[PDB]
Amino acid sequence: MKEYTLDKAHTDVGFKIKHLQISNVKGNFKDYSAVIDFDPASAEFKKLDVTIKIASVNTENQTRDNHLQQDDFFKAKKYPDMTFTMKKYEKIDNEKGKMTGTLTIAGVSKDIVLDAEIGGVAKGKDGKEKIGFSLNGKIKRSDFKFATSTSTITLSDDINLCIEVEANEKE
């Protein structure tokens, strides 16, 4: 034989090991419309109807938003918009209430509950009405047979909705 010493400069004592990481995908939608009927005298919603243009999804990541439109997610070509229709608002007090409505995603419709939290009701600077409130709720992918080809392991079955609204009076 013969004896050698390592060139530490061009020697790597290396290893690769695979692991998993859980993170939240957070997203919103840039293009939606809503109709809002609300009574500041009683803190009650009368009508809340929302249409969201699926195409305008934004999860902060270009190629994911594209992929979201595909046949194995939103199927945007066939079902371009998702919709919420309030059916009933059960007031708890002037800050909180339970909202029940129909959510439709890719042509499957289901009745859901959102927790309404009224952030603020005012007459503005100019003397016209404003309101600020939030709706939230967990819905289940499985209940809307949504993205069924993706496992509930890879992607959580639960979607948490956070609707944050500031809104002013009309006409």
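We number the residues from 1 along the sequence you see.
S.K.: Should the higher mean CA B-factor in the entry be assigned to 69-77 or to 96-104?
M.R.: It is 69-77.
S.K.: Which of the two stretches, 126-134 or 140-148, shows the higher mean Cα temperature factor in the record?
M.R.: It is 126-134 that shows the higher mean C-alpha B-factor.
S.K.: Would you mind finding, among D115, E60, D49, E44, the residue with the largest C-alpha temperature factor in the entry?
M.R.: Highest CA B-factor of the listed options: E60.
S.K.: Which third, lowest, middle or highest, does the C-alpha temperature factor of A34 belong to within its own chain?
M.R.: According to the entry, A34 has a C-alpha B-factor in the chain's highest third.
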